[PDB]
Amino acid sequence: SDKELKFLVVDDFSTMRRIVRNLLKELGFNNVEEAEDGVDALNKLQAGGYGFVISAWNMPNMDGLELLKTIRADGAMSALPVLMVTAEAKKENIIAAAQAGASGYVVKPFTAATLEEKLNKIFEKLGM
């Protein structure tokens, strides 16, 4: 959408959620909500309206990969862009994510410039 595309930031670390929240505000994206794990994220996603999901890979209860796989299998939100936030770039993890449907991955920490690039690449490789 425009700057009003509604984001769901998912991370069990509240500090990270605020960090991502503020990097998006700096870019002009003010419509952000948060979730603390995969289950909490699915519960909010069921309300619809969401346009992008930024999710941490390691979370207790339902990690980012399981949250991704579930999103993709849901007919109503199977096209939802999902950006995976990780702490290290391991080959097998990047491929497991990619083959499961991840729109992209970003290694933390990252700046607003890095996030903007990752967002832009996801939009064009999709048609936005």
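Heads up: residue numbers just count along the shown sequence, starting at 1.
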Inset, instruction - On mean C-alpha B-factor from the PDB entry, just flag whether 18-26 or 116-124 is the higher one. - result: 116-124
Inset, instruction - Name the higher of the two by mean Cα B-factor in the PDB entry, 67-75 versus 47-55. - result: 47-55
Inset, instruction - Return the residue from 80, 89, 85, 35 that has the highest Cα B-factor in the entry. - result: 89
Inset, instruction - Taking the values exactly as deposited, rank residue 102 by C-alpha B-factor within its chain and report the matching third: lowest, middle or highest. - result: lowest
